[PDB]
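The chain below stands alone and is given in structure tokens; this is the form deposited without adenosine-5'-diphosphate (ADP).
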């Protein structure tokens, strides 16, 4: 399956993504985990040290490959065929999970970054449309890496939000952008829930059938989110709850 996980906050949302990826390794022989959020470290939540994650060259820094896929001076290519060279664009964390880091885009400094952006786009296209393997791509609230073309291949867009007015609004906007792009299913995972009043707030603004699951706030999560990996470990209190969320996802996608 092809999954997209989006939201603000950063680590919180990335924590859910890493959790699903790890659980997914039991059902798939290979998973492409794509870090498309420069503000959080997907590799870290997947068990690597922040250092090991950053030692993986990001897509944006593969100049030799970018030259080879878009042309060398003058020679322009708007549709780079990179689906065959994917394994050179990241590192296997283990026998099943292959991590790719997009890297951050240069917002806009009067310089030309067309070749770079074309290269990133071609990799995202390859992963979602050409590769058969499972893909989980972690991204920001703007989901700017998805296009109408790749959106048709997405099995589900998961918006991760916190139980408050502003975060709920963010999620509804994610849902708006995804629908506009043509994504078939959008579902929510509510994170950092502290009290029941907050759960009632969620139920008031969001359809319950659209809620994949609820993850309670963890005190051992604010003072321990960089040692014993994450919520996918069998010792973590969210372990079982996370598998329920995964089962609902699997059933939803078919």
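Residue numbers count along the first chain shown, from 1. Heads up, when I say rigid core I mean the largest set of C-alphas that superpose within 1.5 Å between the two forms.
Keep in mind that the form solved in complex with adenosine-5'-diphosphate (ADP) is missing from the display, and what follows is about it.
The site on this chain is blocked, since adenosine-5'-diphosphate (ADP), superimposed from its pose in the deposited bound form on the surrounding C-alphas, has 3 or more atoms within 2.4 angstroms of backbone or C-beta atoms. Residue 191 belongs to the set of residues with a heavy atom inside 4.5 Å of adenosine-5'-diphosphate (ADP) in the deposited bound form. Among heavy atoms of residue 202, none comes within 4.5 Å of adenosine-5'-diphosphate (ADP) in the deposited bound form. Contact between residue 54 and adenosine-5'-diphosphate (ADP) in the deposited bound form is not found at the 4.5 Å heavy atom cutoff. The closest heavy atom approach of residue 28 to adenosine-5'-diphosphate (ADP) in the deposited bound form falls outside 4.5 Å. Of the candidate stretches 215-223, 65-73, 202-210, 46-54, only 215-223 contains residues with a heavy atom within 4.5 Å of adenosine-5'-diphosphate (ADP) in the deposited bound form. Contact check at 4.5 Å (heavy atoms) against adenosine-5'-diphosphate (ADP) in the deposited bound form: none of 60, 116 and 118 pass.
Annotation: the position in 56, 226, 211, 193 displaced by at least 2 Å at CA between this form and the one not shown, with the core superposed, corresponds to 226. In the core-superposed comparison between this form and the one not shown, the C-alpha atom of residue 11 has shifted by at least 2 angstroms.
In the deposited bound form, the Cα positions of residue 90 and residue 11 lie at least 3 Å farther from each other than in the form displayed. Between the C-alpha atoms of residue 191 and residue 11, a gap narrowed by no less than 3 Å is obtained in the deposited bound form, as opposed to the form on display.
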